[PDB]
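We begin with a single chain expressed as structure tokens, specifically the form solved without the partner chain.
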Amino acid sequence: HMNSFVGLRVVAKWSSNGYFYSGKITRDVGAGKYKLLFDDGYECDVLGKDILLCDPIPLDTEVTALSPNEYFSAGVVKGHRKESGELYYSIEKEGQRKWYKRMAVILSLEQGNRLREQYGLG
């Protein structure tokens, strides 16, 4: 039904790793899989059920923000904005909000499962 998923930004995980990372679909490789180019440069084929077609990550989503002191901490998306073409998320934690670059925001398995119903490609 869909014209094409190529070029769409997503957050996706591979198997045996429980986090979703931001990336983009570069190719429909069939077999229910898509070639995903992660923002860090890593590229591999991922199952449709492991892809959340949401960009930006919606507001009021509980996410995992990579934080100072190599600290991964759960927080809630309260805003996003483009800064010279780059997407930044406003994440609320301990009742305070801070800006994080796109790549510093990931989803744990539980956090991503909450979005599968609405945004998953399963």
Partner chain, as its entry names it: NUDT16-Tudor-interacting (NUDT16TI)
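Numbering follows the first chain given and starts at 1.
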property: Stretch exceeding the other in mean C-alpha B-factor - 63 to 71, 42 to 50; result: 63 to 71
property: Given 14 to 22 and 98 to 106, the range whose Cα B-factors average higher in the PDB entry; result: 98 to 106
property: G122 by Cα B-factor - lowest, middle or highest third of the modelled chain; result: highest
property: B-factor third for the C-alpha atom of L115 within its chain; result: middle
property: Ranked C-alpha temperature factor of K82 among modelled chain residues, by third; result: lowest
property: Third of the chain's Cα B-factor distribution that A31 belongs to, per the entry; result: highest
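If you look for the form solved in complex with the partner chain, you will not find it shown, but the lines that follow are about it.
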property: Contact flag, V10 vs the partner chain in the deposited bound form, heavy atom cut 4.5 Å; result: no
property: Proximity of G30 to the partner chain in the deposited bound form, heavy atoms at 4.5 Å; result: no
property: Heavy atom of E62 within 4.5 Å of the partner chain in the deposited bound form; result: no
property: Members of 79 to 100 lying within 4.5 angstroms of the partner chain, judged by heavy atom, in the deposited bound form; result: none
